[PDB]
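Data first, discussion second: the structure below is written as structure tokens.
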Amino acid sequence: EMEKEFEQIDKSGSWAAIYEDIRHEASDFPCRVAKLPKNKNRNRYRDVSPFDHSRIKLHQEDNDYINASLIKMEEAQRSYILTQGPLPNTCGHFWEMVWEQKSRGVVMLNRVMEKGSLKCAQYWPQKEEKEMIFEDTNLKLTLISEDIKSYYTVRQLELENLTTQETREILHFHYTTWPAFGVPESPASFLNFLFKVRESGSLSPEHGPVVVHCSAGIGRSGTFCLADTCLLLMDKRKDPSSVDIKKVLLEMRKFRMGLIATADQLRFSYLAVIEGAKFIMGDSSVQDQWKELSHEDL
Amino acid sequence: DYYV
């Protein structure tokens, strides 16, 4: 029962102490392609770059660079692609990546506008009849239907490869009430969203990895993937107490820098993994409590 | 245009 290490830290009050330790121990690999000059305009922030060893490559002969990272959690047996909020000029690259990696879901954890700061381009069509065409990468993108909820929206999109005319369905899960450098309203809000993603099938291994992004692709994105992975391990090992959250985060940081951006996001990660273990322990009906408790209707 |  890792609720001990939690109450111990909250009474002790040393969350920032523990958060800073992870910054100090976290890996540090070269980001050489990210830093080339021809790629200055493909990065949203100049202190956030993918490691050369885990960066996604576009299947382009000219410039294969995009600010995205493959996070391959070997033991948990799940891969994720964490990327930045696409830029006005990288929307085509984003969906090219989605196509080439065979992803089936995109999880977006920011809003296009956040406290007056433009955190992301409008890279998916908001109206059924106004579909997007990315001519640089030969892709067409069409809203098919959408399911709006209190604090999140699920969209069904059709991505077409204009060359082969092949088409695929992509599920877009948009969390709308998660503030930059902040935390979700409650663990139930988060876990209801996470399990909505799980149930959709987007995380299945017959699909390419799910694409997860916020603004920089490290803070809210890191919290999301950390919780999902810890619950996977909890279940794989078949033992809630065994999972060391700090150790899983440092494994994830071997693949992309900066995952989890504040001490409060790390504490929420503990809170979320602690709550979710109820489901893994066999209390499958806690899931419906999360749905009721998240006010997802309104 | 910095993160931190």
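Residue 1 is the first one shown; counting continues down the chain.
When the header is checked for method, it gives X-ray crystallography, 2.3 Å.
A Cβ is built for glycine as well, from the same backbone N, Cα and C atoms used for every other residue.
Scan Swiss-Prot for phosphoserine across A:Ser54, A:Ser241 and the hit is A:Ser241.
Checking A:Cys31, A:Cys214 against Swiss-Prot for the annotation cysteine sulfenic acid (-SOH) singles out A:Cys214.
If you draw a 10 Å sphere around the CB of A:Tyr19 (phosphotyrosine), it holds 19 other CB atoms from the protein chains shown. Counting in whole angstrom, A:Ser49 (phosphoserine) lies 11 from A:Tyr65 (phosphotyrosine) by their C-alpha atoms. Looking only at Cα atoms, A:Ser242 (phosphoserine) sits nearest to A:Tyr19 among the modified residues A:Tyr19, A:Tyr65, A:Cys214. Note on A:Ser241 (phosphoserine): other Cβ atoms within 10 Å of its Cβ, all shown chains, come to 13. Comparing A:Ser241 (phosphoserine) with A:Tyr65 (phosphotyrosine), their Cα atoms are 40 Å apart once rounded.
A C-beta separation below 8 Å, combined with a sequence spacing of at least six in one chain, links A:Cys214 (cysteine sulfinic acid (-SO2H)) to A:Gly85, A:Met108, A:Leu109, A:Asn110, A:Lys119, A:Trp178, A:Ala180, A:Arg220, A:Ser221. For the recorded site, A:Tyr19 (phosphotyrosine), the DSSP three-state label reads helix.
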